[PDB]
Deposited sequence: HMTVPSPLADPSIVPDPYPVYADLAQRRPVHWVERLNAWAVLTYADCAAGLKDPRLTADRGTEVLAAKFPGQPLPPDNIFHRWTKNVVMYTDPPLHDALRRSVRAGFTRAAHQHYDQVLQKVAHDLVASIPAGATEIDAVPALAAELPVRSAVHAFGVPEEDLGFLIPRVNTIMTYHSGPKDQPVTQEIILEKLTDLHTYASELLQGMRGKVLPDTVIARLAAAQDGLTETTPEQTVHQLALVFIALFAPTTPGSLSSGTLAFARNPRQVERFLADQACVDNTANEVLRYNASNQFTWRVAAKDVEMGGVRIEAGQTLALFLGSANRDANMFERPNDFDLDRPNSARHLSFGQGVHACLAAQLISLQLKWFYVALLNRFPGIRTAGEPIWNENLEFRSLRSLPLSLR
């Protein structure tokens, strides 16, 4: 518990992969004092961790009370009420009722619709770059924008309410006091309940939110108050840096791998594999958290009940045991769907197919219009490994 580890250090964020690979061979499970947690680096251990019912997702407190040390919250506090009433931070059986209660947004029919919507939104965004522009900053120009367009057109966040929502989510997601974070989370609840009453903006028809709103008369195993808590989670997830990071990191991968641009243009199987290879290549959420509900042993280490674990999805995704030549961006890779960037099992990302559709249709539009993308200077990363995202991606278009 006293052995130094570089895993919480912003210095590794530009390229964490060699650090992960070095430490994995030596100390695949080890203590990271700045995370107050056991790091778990290998694919096999992360996948087992995500499936292990000895590891609870009820971890909101452990993980906040880390970020704002000695800052003990009264109960009734909204963070506790929220975490206890959303899928992300609950265990079965309640988790499962919570997840079923949002199914209407995510049916097979719904995704057939979102496929069409996202094709068009991505096409239109890329088309709005003038053909003769020679350079862009792909982060603000594209990766920041497509998730917002998706939030409006596929999820049904009213356009007119983005000024309310995005800055609040950005404040929540900051790498700003505990009080402020609870204020913004309170505001997201107020917004969610008012949105469903018709007091905020207009929800577009056939969107995720319209479907969830139409499902409310039929609740059987969850409450109206839990719908409000879960919609506050959805807003955070929608405007989190996760989707921008996926879009930008994958754009960088294509810019540095012209041969894969060629493969994408040549072969529909490579197009179909693009979202998963992009997701594997750089997990936006490079680690997720668990608490040990019972003692477990992983990587030779006895982890005691109550201790926190950080499951390094980003490391897992570049484990050569699972992915031969893991550091190659390879659209021909046969098992890219085994990545852990959306988790696995009980908590696997609710939006996984929505996100893969967004990614696919973005790269279809981008590489058809601007096959010659290349970096125009060194990319600049952020400093937060947990939600890792490019800050700037200067790109030459031709």
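- Taken in order along the deposited sequence, the stretches absent from the coordinates are 1, 177-184.
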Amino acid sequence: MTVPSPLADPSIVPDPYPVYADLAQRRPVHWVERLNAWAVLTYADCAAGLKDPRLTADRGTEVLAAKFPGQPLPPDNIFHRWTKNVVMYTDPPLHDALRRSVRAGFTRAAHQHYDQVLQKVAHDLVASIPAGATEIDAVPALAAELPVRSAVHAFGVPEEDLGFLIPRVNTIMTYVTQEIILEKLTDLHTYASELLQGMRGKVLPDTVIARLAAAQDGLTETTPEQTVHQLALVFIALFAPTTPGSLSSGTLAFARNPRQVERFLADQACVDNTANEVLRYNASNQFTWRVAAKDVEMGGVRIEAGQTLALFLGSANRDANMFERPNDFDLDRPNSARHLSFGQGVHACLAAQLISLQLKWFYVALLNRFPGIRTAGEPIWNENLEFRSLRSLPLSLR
From here on, numbers count along this sequence of modelled residues.
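- For the pair 386-394 and 373-381, the mean Cα B-factor is higher in 373-381.
- When 126-134 is weighed against 91-99, 126-134 comes out higher, by mean CA B-factor as recorded in the entry.
- As recorded in the PDB entry, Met173 shows the highest C-alpha B-factor of the residues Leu279, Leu185, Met173, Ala255.
- As recorded in the entry, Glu324 carries the highest CA temperature factor of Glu194, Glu324, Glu145, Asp161.
- The deposited CA B-factor of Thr42 belongs to the middle third of values across its chain.
- Ranked within its chain, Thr220 lands in the middle third, by CA B factor from the PDB record.
- The entry lists a Cα temperature factor for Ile181 that places it in the highest third of the chain's modelled residues.
- Sort the modelled residues of the chain by CA B factor and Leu309 lands in the middle third.
- When all modelled residues of the chain are sorted by CA temperature factor, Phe155 is found within the lowest third.
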